Number of protein chains: 2
Amino acid sequence: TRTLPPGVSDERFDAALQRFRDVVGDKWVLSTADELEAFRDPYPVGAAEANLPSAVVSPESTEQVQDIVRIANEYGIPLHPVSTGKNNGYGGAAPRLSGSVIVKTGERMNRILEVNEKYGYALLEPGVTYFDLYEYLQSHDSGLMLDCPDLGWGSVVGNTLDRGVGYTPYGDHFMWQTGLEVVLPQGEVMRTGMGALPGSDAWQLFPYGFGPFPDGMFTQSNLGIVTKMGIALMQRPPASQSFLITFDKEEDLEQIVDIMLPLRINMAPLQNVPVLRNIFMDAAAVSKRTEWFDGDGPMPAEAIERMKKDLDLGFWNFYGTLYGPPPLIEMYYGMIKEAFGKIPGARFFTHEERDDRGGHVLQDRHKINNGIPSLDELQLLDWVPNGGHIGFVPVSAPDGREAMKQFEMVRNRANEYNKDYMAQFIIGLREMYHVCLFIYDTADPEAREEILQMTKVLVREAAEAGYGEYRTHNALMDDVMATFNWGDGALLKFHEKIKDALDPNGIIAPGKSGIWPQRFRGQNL
Amino acid sequence: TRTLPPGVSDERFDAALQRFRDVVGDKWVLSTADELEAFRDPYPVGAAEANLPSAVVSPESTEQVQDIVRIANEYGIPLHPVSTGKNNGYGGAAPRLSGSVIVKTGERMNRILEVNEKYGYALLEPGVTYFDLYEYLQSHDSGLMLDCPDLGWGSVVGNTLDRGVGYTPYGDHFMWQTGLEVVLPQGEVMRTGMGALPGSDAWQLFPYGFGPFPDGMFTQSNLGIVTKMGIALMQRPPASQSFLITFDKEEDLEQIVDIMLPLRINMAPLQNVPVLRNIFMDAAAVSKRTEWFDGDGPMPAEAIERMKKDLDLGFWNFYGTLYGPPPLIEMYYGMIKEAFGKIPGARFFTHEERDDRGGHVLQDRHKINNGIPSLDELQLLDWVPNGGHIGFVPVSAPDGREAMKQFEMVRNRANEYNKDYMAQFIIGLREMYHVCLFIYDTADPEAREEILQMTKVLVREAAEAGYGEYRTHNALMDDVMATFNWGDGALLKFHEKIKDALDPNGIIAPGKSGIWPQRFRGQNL
Ligand SMILES: *Cc1cc2c(cc1C)nc1c(=O)[nH]c(=O)nc-1n2C[C@H](O)[C@H](O)[C@H](O)COP(=O)(O)OP(=O)(O)OC[C@H]1O[C@@H](n2cnc3c(N)ncnc32)[C@H](O)[C@@H]1O
Ligand SMILES: *Cc1cc2c(cc1C)nc1c(=O)[nH]c(=O)nc-1n2C[C@H](O)[C@H](O)[C@H](O)COP(=O)(O)OP(=O)(O)OC[C@H]1O[C@@H](n2cnc3c(N)ncnc32)[C@H](O)[C@@H]1O
Ligand SMILES: C=CCc1ccc(O)c(OC)c1
Ligand SMILES: C=CCc1ccc(O)c(OC)c1
């Protein structure tokens, strides 16, 4: 049928749509079923339809965002703000609440407002992609570098606002985010930090401004629609070298983590954000599943062995990058070589020492860790026909026993639900994201429903072991926020009071992070 | 006269006090004029008395804080929460609103709950002073170091909660704060980050947890009473060396800042938070005003020259610390010498090469920058009889012109109001605090009132040049928050709805950072 906002008639919605068209122009409101299918979750989860958009609106300016918000308030139309809407693995551009309108800020608000060489920052509109920014930096011959995630088509703004991560020293995007401009849920515009002081040049210099520090409350949040964002850019070091360490055994995970933490916590010699990818993760990047195993079932141990031998990779594959003058890079690599060399079967390769298929991932990490955005890692989705992923990412202490327990808990459930377990340990200073990508056939309703049920079990089971996810998909947001229920759901109750204060009509992205406004609370979604 | 909360009778206040005694014990509630005088602002601003506490309550469990907040809600008693209450230059323990009850959490909640060597963090109760933490690190022979402000008698928690600053690479206290436990304004307890997930080991490992990031909203805020807070501790490097660069001329400020920025933005070779102190600031630390000038009125040029000659300092004095193996320190120091050496009159001294009276500041900075707390800088308040200070701290871009333009704006007003202008530029990566201390005779109303009117003009004047302060005194919080009025006071209105949602009875520290709850708005308060 026609997809409508909850409790909005065909009559009110057509009226709301015409008002939208009056603000942004006829060409920049999408509302037909055929055109709207590009904005559904490319990696859908569950058998039944979920997260359907009623319309897509593409404003050009802050003021247009204001009027769109003002219209939504009058007609009770829920608004789902996105930038480039490439949140793939977490719902893409699809809104949490079926029937919501996508506000695609990125389509036409895509200008690089400023790139300041002296102070090393960028002021961006949501539409500026990692590729967009890299092209700017290269063309203007910049000494600065950006920090990208695995896929470069994302928004520097959009990624920050869901607290996504990169892999250079500037990997923590929210940390380096400096100032923003947001349209609050009833259409008022506000600037944070020094942007709040008229005429200040310090908007991108000093994050905090004066009084309570709000910026964080607009990340993984439904408290507004962001129209501008500042971020800090690191200067490109004079040289760099990337390396791979293959580890033969599954049980090697324990010592890898335990050896890694002393080398990582002081940001030297492990300067970048190290990643520890399993053989499944790496194999999927360069090959199809059917190359190794033709059956329907958890892959047998001999099949795993073929992947390792043929790709010349270990069960665990450590990828790092070193920066600075060659002598410093030499000393740091020397230290890494001999800390990790204490593990039987460890083998060491630099980005200059491997041109084979197996070294494709090392060559890609070398680009990502040097602020060169890539799409090469889209090849993962060729693992199986109509390939999709969901991201189940629990946060772990950098401890080999915690890491082993998590590895074994997840592989256990993946085998049960007949999904390949692909893992990438992203290592911060004192914490670790255990990235589990589950790749499945999107066109097969049982794969979708198996993915949904399996991850709901893993959310619950991880919680009973004392682990939470940093970020999750539309389908798991209620299940994930339910796990942060210390003091009888104290945190959700806190977020609920603020959402109802700023958004009294419950307009902005209802259900985001399991945070529902009053008019939707207890309403079976 | 007995000091009472606004609109609360003696009978109703006596009842509230007795209820407080039933919770904390009668010996931990102070309500008599004589005992309350210790809790006045030690550095009072303006002639008329202001910021008078009605009572002081010292709970020693979260459970007691909850009960006290619930009582305050019943009786409409305003609560001002403090840790050690040593916020000197900004009001000390004194509440913004006259009549408020101080909740001194630090008196009895003063336990180090954990210090973890492996992950390098501490979980602290508000009462733990920098001296307390240092003592612990030393007793247990820890490899970690803390990051303290200039005065070590404050709270690690309390300092963080006002976004205070230290001078080690971990100088950004809020940045390294990881998890907290807060009592919300109606008595409910909440844990943030991974603390919100029951049984998680990652509370002090991963700050963000899931969904919106709230921790910042409890800094320079009146949204609750913090009972526990995590902070990361940096590993003590193998060696360190501290240095002083004296610059002879006032006008040298420009080239110093311009030369500093390239050396600072990459955290090397300026690894430390550098401070640039003027000859007044350093003179005050080791000598009284009457050693140079027994006159009344701004200090003459020959007196300024005598200070420089006698202390063997310049007008501007640069104080840095270098960390790591001696070869690394030696190369960094080499770079700093020929960069700054381009300024005519620059001179260099290491902490090992100066034991004269002028080098006390250098010896004190060497302590502070290595995580060794100090009170040596209390000598600053002997400048004049009954000395107190206020902190006027505008944020400045690391631009020589901008630093210069501020320097003259402030000195201009200081001379007009017959206050000596003492400056310490604290230099972050891409931003500087222009710390302006005004030292004055707290015992004469003219001096107090001259300080109040001068800092009001300097707030207003700095705003018209596009500069805002990062932190301010009780007396200036409305004037300061008034300057951040982009979008027609957009920022304050946002804060106000959050305060009103979480605090419908307007209990917690009304007027903090110029943020008043409903019942006080437009009330000459
Ligand atoms: C499939 C996949 C995904 C992936 C990845 C590898 C693969 C194979 N590697 C990632 C990585 O290394 N790091 C990372 O952070 N994410 C990674 N992903 C996930 C995803 O592809 C990327 O994170 C991607 O960059 C996110 O998409 P995009 O950048 O386009 O973000 P968005 O969809 O526009 O917005 C994300 C959410 O933020 C909120 N939002 C966005 N804009 C606004 C505005 N203007 N106002 C308010 N809220 C906004 C919304 O919640 C939105 O959904
Ligand atoms: C006079 C002076 C001051 C000074 C300084 C040098 C001199 C000569 N050098 C400083 C420095 O280098 N860095 C810095 O950050 N401050 C410096 N100061 C100022 C002062 O000495 C310190 O900032 C001091 O550490 C602050 O006092 P303290 O640490 O005792 O903080 P507090 O009074 O306990 O609390 C501060 C405010 O935070 C809120 N607060 C505190 N505790 C709580 C709890 N538990 N819950 C909720 N809110 C809390 C209040 O708003 C309180 O006013
Ligand atoms: C190959 C890395 C994938 C990846 C990294 C971080 C993420 O948050 C994520 O979410 C879907 C996926
Ligand atoms: C002598 C340094 C003083 C100092 C440093 C940081 C501050 O915030 C401050 O405020 C009063 C004072």
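Novice: An account of the site of ligand 3 is needed here, citing residue identities and associated values.
Specialist: Residue and element names in this part refer to chain A. In the neighbourhood of ligand 3, 14 residues make up the surrounding shell, with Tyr 90, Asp 150, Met 281, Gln 424 and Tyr 470 lying closest. One nitrogen or oxygen atom from the side chain of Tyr 90 is found 2.5 Å from an oxygen atom belonging to ligand 3. Surface burial for ligand 3 is 90%, taken as the share of its 340 Å² of free accessible area covered by protein chains. When residues of the shell around ligand 3 are traced back to their parent elements, those giving at least two are β16 (387-392), β18 (422-427) and β19 (432-441).

Novice: Account for the sheet that holds strand β2 (residues 55-57) of chain B, naming residues and giving values.
Specialist: Residue and element names in this part refer to chain B. Here four strands make up an open sheet; going across it, the order is β1-β2-β4-β3 and the pairing mixed. Across the chains shown, the open sheet's two edge strands, defined by having one partner strand only, are β1 (29-30) and β3 (79-82). Pairing of β2 with strand β4 (residues 101-104), which is carried by three bridges, proceeds in the parallel orientation. Looking at β4, one finds that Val 56 is bridged to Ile 102.

Novice: Can you lay out the pattern of salt bridges for me, pointing to particular residues and giving the numbers?
Specialist: As enumerated under the stated definition, the model contains 75 salt bridges over all chains in all. A salt bridge links A:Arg413 to A:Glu461; its shortest N-O distance comes to 3.0 Å. One end of the pair, A:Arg413, is in helix α11 (residues 400-416); the other, A:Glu461, is in helix α12 (residues 445-464), with 48 residues separating them in the sequence. Of the two residues, A:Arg413 and A:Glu461, neither departs from the other in class, the shared state being buried. A salt bridge links B:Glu450 to B:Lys419; the nearest nitrogen and oxygen atoms lie 2.6 Å apart. Of the two residues, B:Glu450 sits in helix α13 (residues 445-464) while B:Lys419 sits in the loop between α12 (400-416) and β18 (422-427), which places them 31 residues apart along the sequence. Since its relative accessible area comes to 27%, B:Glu450 is described here as partly exposed. Connected through shared salt-bridge partners, A:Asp150, A:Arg277, A:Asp282, A:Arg365 and A:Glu377 make up one network.

Novice: Would you mind going over the interface of chain A and chain B in detail, with residue names and values included?
Specialist: How big an interface is tends to be stated in terms of the accessible area lost upon association of its parts. Contact residues are listed per partner, giving 81 residues for chain A and 81 residues for chain B. Both faces considered, chain A and chain B share a buried interface measuring about 6,800 Å² in area, 68% of it formed by carbon and sulfur atoms. Among the residues chain A hides against chain B, the three largest losses belong to A:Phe210, A:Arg430 and A:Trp486. Together they make up 14% of the total. There are two salt bridges connecting chain A and chain B. Taking the shortest distance from any N to any O, the salt bridge between A:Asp399 and B:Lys118 comes out at 3.3 Å. On the surface where chain A and chain B come into contact, there are 27 residue pairs in polar contact.

Novice: Please give an account of the site of ligand 2 that cites residues and values.
Specialist: Residue and element names in this part refer to chain B. Not every one of the 28 residues close to ligand 2 is listed here, only the nearest: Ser 83, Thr 84, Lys 86, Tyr 167 and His 389. The separation between an oxygen atom of ligand 2 and a polar main-chain atom of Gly 85 is 3.0 Å. Here an oxygen atom of ligand 2 sits 2.6 Å away from a polar atom, N or O, in the side chain of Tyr 167. The protein chains hide 95% of the 970 Å² of surface that ligand 2 would expose on its own. Breaking the shell around ligand 2 down by element, the ones donating at least two residues are β3, α5 (156-161) and β10 (225-232). Tallied by class, the residues present in the shell around ligand 2 amount to ten nonpolar, 14 polar and four charged. Lining the shell around ligand 2 are residues from two domains, each supplying at least three of them: domain 1 (1-110) and domain 2 (111-237).

Novice: Outline the sheet that holds strand β9 (residues 189-191) of chain B, listing residues and values.
Specialist: The five strands are arranged β5-β6-β10-β8-β9 (chain B) in an open sheet whose pairing can be described as antiparallel. Edge positions in the sheet fall to β5 (112-116) and β9 of chain B, since each has one partner strand and no second. Within the sheet, the average angular offset between the axes of one strand and its neighbour, ignoring direction, is 10 degrees. Where strand β8 (residues 177-183) of chain B and β10(B) come together, five bridges link them in antiparallel fashion. Residue pairing across strands places B:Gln177 opposite B:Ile231, the latter belonging to β10(B). Along the sheet, helix α14 (residues 486-502) of chain A contacts β8 and β9 of chain B; its crossing angle with β9(B), the most-contacted strand, is approximately 80 degrees.

Criteria and cut-off values
- Residues numbered from 1 in each chain as written, not as in the entry; some residues may be left out.
- Chains lettered and ligands numbered in written order.
- Heavy atoms only, no water.
- Residues with missing side-chain atoms left out of burial classes, pairs and counts.
- Near = heavy atom within 4 Å.
- Polar contact = N/O pair within 3.5 Å; in protein donor to acceptor, adjacent residues only side chain to side chain.
- Areas by Shrake-Rupley, 256 points an atom, 1.4 Å probe, with all protein chains shown as cover.
- Helix = DSSP H or I, 4+ residues; strand = E, 2+ residues; numbered from the N terminus.
- Pairing = 2+ DSSP bridges.
- Salt bridge = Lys/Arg side-chain N within 4 Å of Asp/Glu carboxyl O.
- Buried < 20%, exposed > 50% of the residue type's maximum accessible area, 1.4 Å probe, protein only.
- Contact = heavy atoms within 4.5 Å.
- Buried area = accessible area lost by both parts, 1.4 Å probe.
- Nonpolar A, V, L, I, M, F, W, Y, C, P; charged D, E, K, R; others polar.
- Domains from an automatic or database assignment.
- Axes fitted to C-alpha atoms, helices over the stretch in contact; angles between N-to-C directions.

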